[PDB]
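Engineer: For what it's worth, this note's numbering labels the leading residue of the sequence shown as 2, then goes sequentially.
Dropping a structure here in structure tokens format, bear with me for questions.
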Amino acid sequence: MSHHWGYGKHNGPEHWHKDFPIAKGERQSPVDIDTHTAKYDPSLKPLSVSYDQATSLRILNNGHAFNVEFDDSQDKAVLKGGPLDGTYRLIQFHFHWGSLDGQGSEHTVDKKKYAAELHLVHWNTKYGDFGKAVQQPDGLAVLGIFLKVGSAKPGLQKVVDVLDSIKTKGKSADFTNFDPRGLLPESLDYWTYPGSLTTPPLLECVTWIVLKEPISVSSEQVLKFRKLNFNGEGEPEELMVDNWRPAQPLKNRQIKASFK
Ligand SMILES: CC(=O)Nc1nnc(S(N)(=O)=O)s1
Ligand SMILES: [Zn+2]
């Protein structure tokens with residue numbers, strides 16, 4: 002049992018994978034999030050998030066997929082809470098689509114699947130930029146937002162009118178004075194699921210968070226995109242969906258979460 006000191010055969014060879022805890026901690030395993038098995042963990046530090054200045058300026062398309070831009074020139078919204086060593090700022094996000102006329106999201110929570118979901122990427126500003134954050138595992142994290150269908154337009158009539166302007170991909174339209182808070186609650190507690198990507202052991206500087214209060218969206222909002230092209234006009238009528246991800250459950254004993 003006693004480990005004789007003075008040697009170090011294992012302390013000799015050193016590689017890229019052997020350097021970072023990427024290979025030493027392989028958690029690459031896609032699985033559906035379960036709320037029933039989730040457990041409340043009040044270990045995190047309760048904090049208050051901001052989002053009063055949060056506002057958009059315009060929306061640019063990439064000829065297929067577009068993301069919403071925000072004015073980082075001010076203190077829009079910031080996230081904080083837990084053993085984190087720095088606050089997380091948000092810059093932009095996008096939404097995925099589905100192949101079915103009822104559902105088709107990336108991950109599935111509470112053994113349930115949604116039609117679409119928002120993808121808000123954030124980077125710890127404490128480390129300066131994502132470039133310095135990627136240098137460590139707990140550097141930069143990713144927030145995963147989900148969207149549920151309610152068929153009840155929360156007063157987005159105008160949002161549908163401006164949409165007729167971006168019928169084809171590759172164009173843009175200036176749109177400021179957005180109200181993303183009108184649908185986003187304070188959100189105190191929320192489940193979590195840290196780990197790495199579903200790709201070979203390379204990087205683990207990505208965390209997967211999930212809020213217990215997903216942003217609600219009407220089926221009428223996506224009913225307009227259904228008629229839109231998947232990449233500019235002139236192409237065969239096909240769905241713009243292209244964000245499918247597997248997650249077969251092996252067993253799932255207990256999942257970490259800040260909320261019960
Ligand atoms: C390098 C990289 O970011 N790749 C992906 N981007 N996000 C993707 S998604 N949300 O469409 O799955 S492809
Ligand atoms: Zn995405």
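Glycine included, every Cβ here is placed at the ideal spot set by N, Cα and C.
Rounded to whole angstroms, what is the Cα-Cα separation between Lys-81 and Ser-219?
Structural biologist: By 1-based counting over the sequence shown, the position of residue 81 is 80. By 1-based counting over the sequence shown, the position of residue 219 is 218. About 29 Å.
Engineer: In this structure, what does DSSP give as the bridge partners for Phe-71?
Structural biologist: Numbered from 1 along the sequence shown, position 70 holds the residue referred to as residue 71. Note: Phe-71 sits in a beta bridge opposite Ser-57.
Engineer: What's the gap between the Cα of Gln-136 and the Cα of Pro-84?
Structural biologist: Stepping through the sequence shown from its first residue, residue 136 is reached at position 135. Stepping through the sequence shown from its first residue, residue 84 is reached at position 83. Approximately 18 Å between the Cα atoms of the pair.
Engineer: Nearest to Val-110 by alpha carbon, out of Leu-251, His-16, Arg-90 and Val-211?
Structural biologist: Stepping through the sequence shown from its first residue, residue 110 is reached at position 109. The shortest C-alpha separation from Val-110 is found at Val-211.
Engineer: Could you check whether the region 116-124 touches the region 181-198, counting it as contact only if at least three pairs of C-beta atoms, one from each stretch, sit closer than 8 Å?
Structural biologist: No, the region 116-124 is not in contact with the region 181-198.
Engineer: Quick check on DSSP: helix, strand or coil for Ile-92?
Structural biologist: Sequence index remark: in the sequence shown, residue 92 carries index 91 (1-based). Strand, per DSSP.
Engineer: Using a Cβ-Cβ cutoff of less than 6 Å, which residues in the same chain neighbour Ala-39 once the five nearest sequence positions on both sides are dropped?
Structural biologist: Counting from one through the sequence shown, the residue named residue 39 turns up at place 38. The residues are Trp-192, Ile-256 and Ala-258.
Engineer: Looking only at its own chain, which residues have a Cβ that is under 7 Å from the Cβ of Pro-215, when we skip the five neighbours before and after it?
Structural biologist: Taking the sequence shown and counting its residues from 1, one reaches residue 215 at position 214. Excluding positions up to five away in sequence, the list reads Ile-146, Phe-147, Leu-148 and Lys-149.
Engineer: Please name the residue, chosen from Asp-72, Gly-64, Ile-23 and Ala-78, that lies closest to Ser-49 on a Cα-to-Cα basis.
Structural biologist: Within the sequence shown, the letter at position 48 stands for residue 49. Answer by Cα proximity: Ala-78.
Engineer: When DSSP labels each residue in this structure, what does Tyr-128 get in the three-state scheme?
Structural biologist: In the sequence shown, counting from the first residue as 1, residue 128 sits at position 127. If DSSP states are grouped into helix, strand and coil, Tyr-128 belongs with the helices.
Engineer: Would you say the beta carbon of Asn-244 is closer than 7 Å to some non-hydrogen atom of ligand 1?
Structural biologist: Walking along the sequence shown from the start, residue 244 turns up at place 243. Under cutoff, so the answer is yes.
Engineer: In whole angstroms, give me the CA-to-CA distance for residue 281 and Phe-94.
Structural biologist: The structure shown does not extend to residue 281, since the chain spans only 2 to 261, so no value can be given for it.
Engineer: State the Cα-Cα distance for the pair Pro-247 and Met-2, rounded to the nearest angstrom.
Structural biologist: Position 246 of the sequence shown, counting from 1, holds the residue named residue 247. Position 1 of the sequence shown, counting from 1, holds the residue named residue 2. So the two alpha carbons sit approximately 44 Å from each other.
Engineer: Could you compute how far the alpha carbon of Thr-56 sits from the alpha carbon of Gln-104?
Structural biologist: Along the sequence shown, one-based indexing puts residue 56 at 55. Along the sequence shown, one-based indexing puts residue 104 at 103. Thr-56 and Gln-104: Cα-Cα distance of roughly 29 Å.
Engineer: Identify which residue in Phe-226, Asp-139, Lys-213 and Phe-231 has its Cα closest to the Cα of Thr-36.
Structural biologist: By one-based count along the sequence shown, residue 36 stands at place 35. Here the closest residue by C-alpha is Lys-213.
Engineer: Please report the distance separating the alpha-carbon of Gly-196 from that of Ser-166.
Structural biologist: Numbered from 1 along the sequence shown, position 195 holds the residue referred to as residue 196. Numbered from 1 along the sequence shown, position 165 holds the residue referred to as residue 166. Going by the C-alpha atoms only, they are around 40 Å apart.
Engineer: Count the other C-beta atoms from every protein chain shown that fall within 10 angstroms of the C-beta of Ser-74, then say buried if there are 16 or more, exposed otherwise.
Structural biologist: For the purposes of this step, residue 74 is identified with residue 73 of the sequence shown, where counting begins at 1. So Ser-74 ends up on the exposed side.
Engineer: So, under 8 Å CB-CB, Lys-170 and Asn-62 are touching, yes? Tell me the CB distance rounded to an integer number of Å.
Structural biologist: Residue mapping note: residue 170 aligns to position 169 of the sequence shown, counting from 1. Residue mapping note: residue 62 aligns to position 61 of the sequence shown, counting from 1. Confirmed, Cβ separation roughly 5 Å.
Engineer: Please go through the same chain and pick out, in chain order, the residues whose beta-carbon is closer than 8 Å to the beta-carbon of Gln-54, but skip the five residues on each side of it.
Structural biologist: Taking the first residue of the sequence shown as 1, we reach residue 54 at position 53. Contacts found: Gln-75, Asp-76, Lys-77 and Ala-78.
Engineer: Please report the Cβ distance between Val-32 and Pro-201, rounded to the nearest whole angstrom; I am assuming they are in contact, meaning their Cβ atoms lie under 8 Å.
Structural biologist: Counting from 1 along the sequence shown, the entry for residue 32 is found at position 31. Counting from 1 along the sequence shown, the entry for residue 201 is found at position 200. Not a contact, Cβ separation roughly 18 Å.
Engineer: Candidates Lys-19, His-11 and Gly-7: which alpha carbon is nearest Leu-204's?
Structural biologist: Here residue 204 refers to the residue found at position 203 when the sequence shown is read from its first residue. Considering only alpha carbons, the answer is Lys-19.
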